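In what follows, a structure is listed as structure tokens, so that the remarks can point back to it.
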Amino acid sequence: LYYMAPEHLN
Amino acid sequence: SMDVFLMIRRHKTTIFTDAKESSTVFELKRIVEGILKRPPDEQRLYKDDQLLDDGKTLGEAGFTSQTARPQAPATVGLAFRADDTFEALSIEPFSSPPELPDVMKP
Amino acid sequence: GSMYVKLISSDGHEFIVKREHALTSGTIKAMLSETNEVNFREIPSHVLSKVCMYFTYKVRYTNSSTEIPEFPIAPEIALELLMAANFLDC
Amino acid sequence: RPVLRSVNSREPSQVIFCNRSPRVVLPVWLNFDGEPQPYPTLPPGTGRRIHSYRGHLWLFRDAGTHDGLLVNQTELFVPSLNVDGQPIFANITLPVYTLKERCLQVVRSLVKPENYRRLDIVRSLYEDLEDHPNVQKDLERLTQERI
């Protein structure tokens, strides 16, 4: 398991 | 951009229609003619109290995409000839809504 | 089956709208099967005019790639317009 | 495991949420278990860059009322491959609501729920008013449609 959720890192 | 949305109103009659900004008052009278069976030489069309010239475009007369929208169409007054003589422009107002309920006062 | 149809309000105002537009109401569409006028004894002119504006709005903006504007409803007419929309099924 | 859920692609997709509505927009991401997760809201006529991923699912709602909105003219948005490195647009708009649904929105905005039943309407419309639009019910409807 390695979950990457969307970021507002932008 | 091009289309203008109208209400053509006389007495207790209201016609909902569209036309192009580039089309003329006379062309609009032709549209009325097809619906109300009165020729253009027996109609006068108004913006407010101003009698519109047959050769003018609708955009020239103040109807534009911005001002004459589907959900808020612009009013064009209509008066008919009566054999010899044109009747005064008279548009009967719509009914009045009831007083707003207290539960709806913000 | 004419290009336009006449909807009459309870207070006697006549609204002439494109047939196609009027068919946005399932209720009006049923009533027209084949006649040309349709009488609405429960809907006053200040409501039925707005319903016709909605028909224009719906036909213009359904299936458009453009930005759609909000359909404006004044506080004073909301309740009656809601009842009408419910009766008209649109 | 729930049908409507993002897949863990690990494949980045640059997206721009563009709010082309008069509403404050709530972007809602369906996580890997199908659970809706809210992202910060977008004021009307503003846009925002997002780092999302291929095969993730999004839907969008009025932040204040949860009225449904459209994104690229549909209910759901799935970021695709960034072709030629160019970001993908999520254009959020009003649907053409039914006249009924629109009247319900306006009445809801003016009347506090405790008072809905003090309005002079028939029984069926009270129910209608009380049945607020709801992300969870929308997902169940979409799942049923997709079977």
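Simple scheme: letters A, B, ... for chains in structure tokens order, numbers from 1 for residues in each chain, numbers from 1 for ligands in the order shown.
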> Could you pull out all residues of range 5-106 of chain B with a DSSP call of strand (DSSP E or B) and give them as number ranges by chain?
Replying inline: B: 5-11, 13-20, 24, 43-47, 50-51, 57, 69, 72, 74-82, 85-86, 91
Contact check, chain C to range 57-71 of chain D, at most 12 Å, counting only C-alpha atoms, closest pairs as CSV:
```
residue,atom,partner,partner_atom,distance
C:63,CA,D:70,CA,11.7
C:64,CA,D:70,CA,12.0
C:65,CA,D:71,CA,11.0
C:67,CA,D:70,CA,10.8
C:68,CA,D:70,CA,10.6
C:70,CA,D:69,CA,11.9
```
Same residues, N, CA, C and O atoms, output as a compact mmCIF listing (two decimals), in the first residue's frame:
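Final file, again.txt:
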```
# COMPACT_ATOMS: atom_id res chain seq x y z
N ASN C 63 -27.75 21.36 -23.41
CA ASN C 63 -26.81 20.81 -24.39
C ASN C 63 -25.95 21.91 -25.01
O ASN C 63 -25.59 21.82 -26.17
N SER C 64 -25.60 22.95 -24.23
CA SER C 64 -24.68 23.96 -24.70
C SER C 64 -23.31 23.81 -24.03
O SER C 64 -23.25 23.48 -22.84
N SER C 65 -22.23 24.04 -24.79
CA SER C 65 -20.87 23.94 -24.27
C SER C 65 -20.48 25.21 -23.52
O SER C 65 -19.49 25.26 -22.80
N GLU C 67 -21.02 28.62 -20.94
CA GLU C 67 -21.37 28.92 -19.57
C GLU C 67 -22.86 29.24 -19.53
O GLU C 67 -23.37 29.95 -20.37
N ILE C 68 -23.56 28.65 -18.56
CA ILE C 68 -24.97 28.84 -18.37
C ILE C 68 -25.16 29.85 -17.24
O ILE C 68 -24.54 29.81 -16.19
N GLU C 70 -27.46 31.59 -14.19
CA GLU C 70 -28.48 31.23 -13.21
C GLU C 70 -29.88 31.66 -13.68
O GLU C 70 -30.03 32.77 -14.22
```
Using only C-alpha atoms, select each residue of chain D with any atom at most 8 Å away from an atom of chain B, and give the selection as a JSON list (two decimals) with N, CA and C atoms, in the first residue's frame.
```json
[["chain", "number", "residue", "atom", "x", "y", "z"],
["D", 107, "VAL", "N", -36.43, 28.58, -2.57],
["D", 107, "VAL", "CA", -37.21, 28.58, -1.35],
["D", 107, "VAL", "C", -36.34, 28.12, -0.17],
["D", 110, "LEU", "N", -34.25, 30.86, 1.31],
["D", 110, "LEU", "CA", -34.98, 31.93, 1.98],
["D", 110, "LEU", "C", -35.65, 31.49, 3.27],
["D", 111, "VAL", "N", -35.86, 30.18, 3.45],
["D", 111, "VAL", "CA", -36.62, 29.68, 4.57],
["D", 111, "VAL", "C", -35.73, 28.71, 5.34],
["D", 115, "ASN", "N", -38.92, 25.92, 9.56],
["D", 115, "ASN", "CA", -40.11, 26.67, 9.19],
["D", 115, "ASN", "C", -40.70, 26.18, 7.87],
["D", 118, "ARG", "N", -44.33, 25.77, 7.78],
["D", 118, "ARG", "CA", -45.14, 26.96, 7.95],
["D", 118, "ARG", "C", -45.38, 27.66, 6.61],
["D", 119, "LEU", "N", -45.09, 27.02, 5.49],
["D", 119, "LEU", "CA", -45.38, 27.59, 4.18],
["D", 119, "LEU", "C", -46.64, 26.94, 3.64]]
```
Residues of chain C at most 12 Å from chain D: nearest atom pair and distance in Å, only C-alpha atoms, as a Markdown table:
```
| residue | atom | partner | partner_atom | distance |
| --- | --- | --- | --- | --- |
| C:24 | CA | D:98 | CA | 9.8 |
| C:25 | CA | D:99 | CA | 9.9 |
| C:50 | CA | D:99 | CA | 10.0 |
| C:51 | CA | D:99 | CA | 8.0 |
| C:52 | CA | D:99 | CA | 10.7 |
| C:53 | CA | D:99 | CA | 10.4 |
| C:54 | CA | D:99 | CA | 6.9 |
| C:55 | CA | D:99 | CA | 8.9 |
| C:56 | CA | D:96 | CA | 11.6 |
| C:57 | CA | D:96 | CA | 8.4 |
| C:58 | CA | D:96 | CA | 6.4 |
| C:59 | CA | D:96 | CA | 9.4 |
| C:60 | CA | D:96 | CA | 9.7 |
| C:61 | CA | D:96 | CA | 6.8 |
| C:62 | CA | D:96 | CA | 6.1 |
| C:63 | CA | D:73 | CA | 8.3 |
| C:64 | CA | D:73 | CA | 8.5 |
| C:65 | CA | D:73 | CA | 7.3 |
| C:66 | CA | D:93 | CA | 8.9 |
| C:67 | CA | D:20 | CA | 6.3 |
| C:68 | CA | D:94 | CA | 6.0 |
| C:69 | CA | D:94 | CA | 7.4 |
| C:70 | CA | D:94 | CA | 7.3 |
| C:71 | CA | D:102 | CA | 7.6 |
| C:72 | CA | D:102 | CA | 9.0 |
| C:73 | CA | D:106 | CA | 7.2 |
| C:74 | CA | D:106 | CA | 8.6 |
| C:75 | CA | D:106 | CA | 7.6 |
| C:76 | CA | D:107 | CA | 10.3 |
| C:77 | CA | D:103 | CA | 9.4 |
| C:78 | CA | D:103 | CA | 5.9 |
| C:79 | CA | D:107 | CA | 7.3 |
| C:80 | CA | D:121 | CA | 9.2 |
| C:81 | CA | D:103 | CA | 6.9 |
| C:82 | CA | D:103 | CA | 5.2 |
| C:83 | CA | D:121 | CA | 7.8 |
| C:84 | CA | D:100 | CA | 8.3 |
| C:85 | CA | D:100 | CA | 4.9 |
| C:86 | CA | D:100 | CA | 6.0 |
| C:87 | CA | D:100 | CA | 9.4 |
| C:88 | CA | D:100 | CA | 9.1 |
| C:89 | CA | D:100 | CA | 7.5 |
| C:90 | CA | D:99 | CA | 5.5 |
```
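Neighbours of residue 138 in chain D closer than or equal to 10 Å, with only C-alpha atoms counted and sequence neighbours fewer than 5 positions away skipped, come out as residues 68, 75, 133, 143 and 144 of chain D.
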Which chain A residues are at most 6 Å from chain D (counting only C-alpha atoms), as a JSON list (two decimals) with N, CA and C atoms, in the first residue's frame?
```json
[["chain", "number", "residue", "atom", "x", "y", "z"],
["A", 6, "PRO", "N", -4.91, 13.34, -4.28],
["A", 6, "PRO", "CA", -4.62, 14.59, -4.98],
["A", 6, "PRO", "C", -4.16, 15.62, -3.96],
["A", 7, "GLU", "N", -3.22, 16.48, -4.36],
["A", 7, "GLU", "CA", -2.75, 17.57, -3.52],
["A", 7, "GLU", "C", -3.11, 18.92, -4.14],
["A", 8, "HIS", "N", -3.29, 19.89, -3.27],
["A", 8, "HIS", "CA", -3.31, 21.30, -3.63],
["A", 8, "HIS", "C", -1.89, 21.86, -3.60],
["A", 10, "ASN", "N", 0.04, 22.20, -5.79],
["A", 10, "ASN", "CA", -0.02, 23.18, -6.86],
["A", 10, "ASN", "C", -0.52, 24.50, -6.25]]
```
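When only C-alpha atoms are used to measure the gap to chain B, the shortest distance among C:29, C:13, C:41, C:21 belongs to C:13.
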>> With 8 Å as the limit and counting only C-alpha atoms, what residues in chain B lie close to chain C? Please list them as an MDAnalysis selection string.
In response: chainID B and resid 12:17 35 70:73 94:100 104
What does the file look like for those residues with N, CA and C atoms, as a CSV table (one decimal), in the first residue's frame?
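Saved result, part01.csv, follows:
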```csv
chain,number,residue,atom,x,y,z
B,12,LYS,N,-53.6,42.1,-23.8
B,12,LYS,CA,-53.4,41.0,-23.0
B,12,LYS,C,-52.7,39.8,-23.8
B,13,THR,N,-52.0,40.2,-24.8
B,13,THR,CA,-51.3,39.2,-25.7
B,13,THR,C,-49.8,39.4,-25.4
B,14,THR,N,-49.0,38.3,-25.2
B,14,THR,CA,-47.6,38.4,-25.1
B,14,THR,C,-47.0,37.2,-26.0
B,15,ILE,N,-46.2,37.6,-27.0
B,15,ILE,CA,-45.5,36.6,-27.9
B,15,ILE,C,-44.1,36.5,-27.4
B,16,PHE,N,-43.6,35.3,-27.2
B,16,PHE,CA,-42.3,35.0,-26.9
B,16,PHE,C,-41.6,34.5,-28.2
B,17,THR,N,-40.5,35.2,-28.6
B,17,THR,CA,-39.8,34.8,-29.8
B,17,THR,C,-38.4,35.4,-29.7
B,35,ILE,N,-48.0,35.0,-36.8
B,35,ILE,CA,-48.7,34.6,-35.6
B,35,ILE,C,-50.1,35.2,-35.4
B,70,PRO,N,-32.5,35.0,-22.8
B,70,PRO,CA,-33.6,34.0,-22.7
B,70,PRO,C,-34.4,34.1,-21.4
B,71,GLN,N,-33.7,34.3,-20.3
B,71,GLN,CA,-34.4,34.2,-19.0
B,71,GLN,C,-34.9,35.6,-18.5
B,72,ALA,N,-34.6,36.6,-19.3
B,72,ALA,CA,-35.0,38.0,-19.0
B,72,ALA,C,-35.2,38.7,-20.4
B,73,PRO,N,-36.2,38.3,-21.2
B,73,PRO,CA,-36.3,38.8,-22.5
B,73,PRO,C,-36.8,40.3,-22.5
B,94,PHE,N,-49.0,42.5,-16.0
B,94,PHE,CA,-49.2,41.2,-15.4
B,94,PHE,C,-49.8,41.3,-14.0
B,95,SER,N,-50.3,40.2,-13.4
B,95,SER,CA,-50.8,40.2,-12.1
B,95,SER,C,-49.7,40.5,-11.0
B,96,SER,N,-50.2,40.8,-9.8
B,96,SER,CA,-49.3,41.1,-8.7
B,96,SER,C,-49.2,39.9,-7.8
B,97,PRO,N,-47.9,39.5,-7.4
B,97,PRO,CA,-47.8,38.4,-6.4
B,97,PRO,C,-48.3,38.9,-5.0
B,98,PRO,N,-48.7,37.9,-4.2
B,98,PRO,CA,-49.1,38.2,-2.8
B,98,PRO,C,-48.0,38.8,-2.0
B,99,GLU,N,-48.3,39.5,-0.9
B,99,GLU,CA,-47.4,40.0,0.1
B,99,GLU,C,-46.5,38.8,0.5
B,100,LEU,N,-45.1,39.0,0.5
B,100,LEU,CA,-44.1,38.0,0.8
B,100,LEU,C,-44.4,37.5,2.2
B,104,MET,N,-40.5,34.1,4.8
B,104,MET,CA,-39.6,34.3,3.7
B,104,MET,C,-38.9,35.7,3.7
```
> Taking the backbone alone, and naming residues the way the document does, which bits of chain C are alpha helix (DSSP H) by DSSP, as a PyMOL selection string?
Replying inline: chain C and resi 19-22+26-31+45-61+78-88
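Going from CA of residue 69 in chain B over to CA of residue 18 in chain B, you cover 9.5 Å.
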>> Set the distance at 10 Å and use only C-alpha atoms: which residues neighbour residue 74 in chain B once local chain neighbours fewer than 3 positions away are removed? I'd like the list as an MDAnalysis selection string.
In response: chainID B and resid 4:8 16 47 62:64 67:71 77
> Quick one: distance from CA of residue 33 in chain D to CA of residue 83 in chain D in Å, one decimal?
Replying inline: 28.2 Å
